[PDB]
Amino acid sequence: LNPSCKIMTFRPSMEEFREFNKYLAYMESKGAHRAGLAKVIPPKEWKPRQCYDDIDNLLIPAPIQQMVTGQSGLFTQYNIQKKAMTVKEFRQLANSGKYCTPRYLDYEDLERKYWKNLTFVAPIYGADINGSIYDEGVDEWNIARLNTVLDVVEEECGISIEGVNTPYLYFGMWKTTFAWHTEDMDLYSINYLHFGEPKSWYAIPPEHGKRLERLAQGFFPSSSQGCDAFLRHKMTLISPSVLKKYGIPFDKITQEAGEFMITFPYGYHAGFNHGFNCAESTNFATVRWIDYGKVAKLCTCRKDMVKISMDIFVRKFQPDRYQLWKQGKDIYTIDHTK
């Protein structure tokens, strides 16, 4: 039941690893979702790509320079768009003295340096690049074709998933940040770190996610006035020192190359890259997600934010609740421990 809500790490055998959907069910049966985030280390024999050398030639169309402002563990970011550059050029930039990882003793030391140096040199990243870099034919844990409930309603029912169930690439360098957020529509996500330096993650248990929202609303009241769901803008940073000071439960873990991270519905997460790296990610859903999607607090202020109609999911997977839901009478409190 994982009542401590701590981030679990799973080490499946190849036999266990072959079927992603069965293994995810197993992870939740052990309470992994209560932490908001879990790590899966594949068996050492498994490789999604035999050789990454040709990824050097991949063009990053719109590299982003991350501009962070603030102090005392509380920051907002904005983005400056740079001219396109290849992965090779990006790697050379990341490894240059201006941008490279500092010397550090251990991951805790590096974390301290991250939070102390956020407002000096602005790092650069590539994100939301369409595509997968798995080899063709890889049938296990293939982020481009996970066969979850999102794919069912798209293929069988003709429902638009708004591109959320397709793969994206992220190229990181030292100090590049992903700000606090849940996924679009409070979906799951899966993240594979193909190569390079690690990625550190913070996660808040879903059963405490409202506490993070209230804390952020108190510290960013202008942001909050402008959008009920302003954390979805992915521009808000809050250090673990601030979380500790206000008693918000959280956990932290570092993802190494070759490891998966799964985020769970309404699992707030944030983090940073240690150095040059490449990750691939997508969103997905299970039936347990549907009650989260029905209640997800959506971005008020900008018109093109991702919105998936929940009607098909209730109709097909919650038939006994469908008419009550459309009546506006399907009122409930989610039990995150279930």
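All residue numbers are counted from 1 along the displayed sequence.
- Between 125-133 and 171-179, it is 125-133 that carries the larger average Cα temperature factor according to the deposited entry.
- With 217-225 and 74-82 compared on mean CA B-factor from the PDB entry, the stretch scoring higher is 217-225.
- For the set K98, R211, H194, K116, the maximum C-alpha B-factor listed in the entry falls on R211.
- Each of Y26, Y52, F272, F284 has a CA temperature factor in the record; the biggest one is found at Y52.
- When the modelled residues of the chain are ordered by their C-alpha B factor, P48 lands in the highest third.
- The PDB entry assigns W201 a C-alpha temperature factor belonging to the lowest third of its chain's modelled residues.
- In the PDB entry, a CA B factor belonging to the middle third of its chain's modelled residues is recorded for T148.
- In the PDB entry, a CA B factor belonging to the highest third of its chain's modelled residues is recorded for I334.
- Sort the modelled residues of the chain by CA B factor and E280 lands in the lowest third.
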